[PDB]
There are 6 protein chains.
Amino acid sequence: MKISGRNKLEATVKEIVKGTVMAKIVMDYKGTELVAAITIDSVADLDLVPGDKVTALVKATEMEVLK
Amino acid sequence: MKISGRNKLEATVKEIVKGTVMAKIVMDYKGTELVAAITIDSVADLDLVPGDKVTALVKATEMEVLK
Amino acid sequence: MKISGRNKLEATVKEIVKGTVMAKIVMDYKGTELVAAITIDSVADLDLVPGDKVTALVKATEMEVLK
Amino acid sequence: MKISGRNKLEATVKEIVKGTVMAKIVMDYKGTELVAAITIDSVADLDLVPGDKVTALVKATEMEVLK
Amino acid sequence: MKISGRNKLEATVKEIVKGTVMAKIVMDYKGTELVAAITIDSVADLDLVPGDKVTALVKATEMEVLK
Amino acid sequence: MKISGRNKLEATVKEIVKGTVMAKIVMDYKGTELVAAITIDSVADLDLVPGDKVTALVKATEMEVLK
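Taking the PDB entry as the reference, chain A is identified by name as MOLYBDATE/TUNGSTATE BINDING PROTEIN belonging to Sporomusa ovata. The title given for this PDB entry is "THE HIGH RESOLUTION STRUCTURE OF A MOLYBDATE BINDING PROTEIN FROM SPOROMUSA OVATA".

Pasting the structure below:
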């Protein structure tokens, strides 16, 4: 299925820190570090581990611009 | 200042489409196209124009992961 | 691909209103009206039209609870 | 009060998991499971417990469409 | 009902700009200007008029900190 | 740098609660309490502590209006 969220970032998982409800997913994206905060439920469902190839997704309305 | 939003992507503005309230900011990040939807007020305040070097910003809690 | 965003609602598009930058997607979910505001770019990419069966997607961290 | 957030999902709380800062709220919505991640402060303020009839609320700009 | 969204700002509507899909709601909050981007449908549903006393609402997870 | 996020609230940190992944930042804004949920990574990066003068930041598209 196609997804409306416009920003797709093909990245690699570097580190995962699991809390009681949330998880920190640290990724590498063409040399830049990305940090996503998602539920532990999702970490389990996607079965994410360091080294995995993943797509970071961001809705256009959730992206700010700094200049 | 330092910004809590963890995701910073250094990009270049390619195109700007202005609506009555919102604006579409199309950017290039190392060959990947990004799309941000912000207010026209921000386009005016930052004086965004095609070619500008900017930083796309995304809060960690607003980034999903797909696999 | 599996998607971290935890909320998936299988819905049907009822109407689409296109602005210069954003589009209003009015959907029916088992009798409840849903409203998504996405970019016109996504309408074009997904080729969304009235009657389409789609999945409304919401990240867990973007859902409030009222009581 | 009326609320601008367009998506009101009248649901029932099924389970609550409390972390140090965040809390996972699992709900049933017209036969489909929802998962919200809110602050533990809110769980305490709303006195949320299983069986509670609540409204899951999603802003239109925070709802993606997949097809 | 009580609302999980933790940030409530009792403000006054200063200006409303209506687009095809979105509306800009400019508000005053104790001398500080606020700007919300909501759907035009919401302006009509709430029947917002400049001068009206309203509550600006922000989810805790959607608030960044700068220092 | 200028920031597209339109809502800037000059506040003071009152309390910080650190979880495994997220942190609760309790602030005072001209007598009104604010609550932000950001990553513990940001608390460390910004060296946030009670008494700090900070700017709470909210994107226009993430602010709802209630009436």
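Asker: What's the story with the interface of chain E and chain F in this structure? I'm lost.
Answerer: Between chain E and chain F, the contact holds 34 residues from the first and 35 residues from the second. For the pair chain E and chain F, the interface holds one salt bridge. The shortest N-O distance in the salt bridge between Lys67 of chain E and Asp52 of chain F comes to 2.7 Å. For the interface between chain E and chain F, the tally reads 16 residue pairs in polar contact. Sorting the residues of the side of chain E that touches chain F by element identifies β1 (7–18), β2 (22–29), β3 (32–39), β4 (53–58) and β5 (64–66) of chain E as the ones contributing at least two each. In terms of residue count, the dominant contributor to the side of chain E that touches chain F is β3 of chain E (seven residues). Split by residue class, the side of chain E that touches chain F holds 20 nonpolar, five polar and nine charged.

Asker: Hey, could you run me through the interface of chain D and chain F in this one?
Answerer: A common way to express how large an interface is: the accessible area buried when the components associate. Across the boundary between the two partners, chain D contributes 14 residues, which contact 14 residues of chain F. Of the roughly 1,100 Å² buried between chain D and chain F, counting both surfaces, carbon and sulfur atoms make up 62%. Where chain D packs against chain F, one counts one salt bridge. A salt bridge links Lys24 of chain F to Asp41 of chain D, with the nearest nitrogen and oxygen atoms 2.6 Å apart.

Asker: Can you walk me through the relation of the copies chain D and chain F in this structure?
Answerer: Both copies of the chain are related through a single rotation about an axis accompanied by a shift along the same axis. Overlaying chain D with chain F gives an RMSD of 0.2 Å, the required rotation being 119° about an axis along which the chain moves by 0.1 Å. The transformation just described matches what one would write down for a three-fold rotation axis. In terms of C-alpha distance to the rotation axis, chain D has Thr61 of chain D as its closest residue, with the C-alpha 3.9 Å off the axis.

Asker: Help me out: how do you make sense of the relation of the copies chain E and chain F in this one?
Answerer: Superposition record for chain E on chain F: RMSD 0.2 Å, screw rotation 180°, translation along axis 0.0 Å. In the structure described here, the two chain copies are related by an operation that fits a two-fold rotation axis. Distance from the rotation axis, computed per C-alpha, reaches its smallest value in chain E at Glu62 of chain E: 3.4 Å. Interface residue correspondence from chain E to chain F reaches 100%, placing this contact among same-surface, isologous pairings.

Asker: What exactly am I supposed to notice about the sheet that holds strand β4 (residues 53–58) of chain A here?
Answerer: Hydrogen bonding along the main chain pairs the strands of a sheet, whether they run parallel or antiparallel. Ordered in space as β3(A)-β2(A)-β1(A)-β4(A)-β5(B), the five strands form an open sheet in which the pairing is antiparallel. A single partner strand is all that each edge strand has here, and the edge strands are β3 (32–39) of chain A together with β5 (64–66) of chain B. Taken pair by pair, the neighbouring strands of this sheet meet at an average axis angle of 45°, ignoring direction. Strand direction decides the pairing type here: strand β1 (residues 7–18) of chain A and β4 of chain A, joined by six bridges, are antiparallel. In the strand pairing of β4 of chain A, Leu9 of chain A is matched with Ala56 of chain A.

Conventions adopted
Residues numbered from 1 in each chain as written, not as in the entry; some residues may be left out. Chains lettered and ligands numbered in written order. Heavy atoms only, no water. Contact = heavy atoms within 4.5 Å. Salt bridge = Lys/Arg side-chain N within 4 Å of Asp/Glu carboxyl O. Polar contact = N/O pair within 3.5 Å; in protein donor to acceptor, adjacent residues only side chain to side chain. Helix = DSSP H or I, 4+ residues; strand = E, 2+ residues; numbered from the N terminus. Nonpolar A, V, L, I, M, F, W, Y, C, P; charged D, E, K, R; others polar. Buried area = accessible area lost by both parts, 1.4 Å probe. Least-squares fit on C-alpha atoms. Pairing = 2+ DSSP bridges. Axes fitted to C-alpha atoms, helices over the stretch in contact; angles between N-to-C directions.

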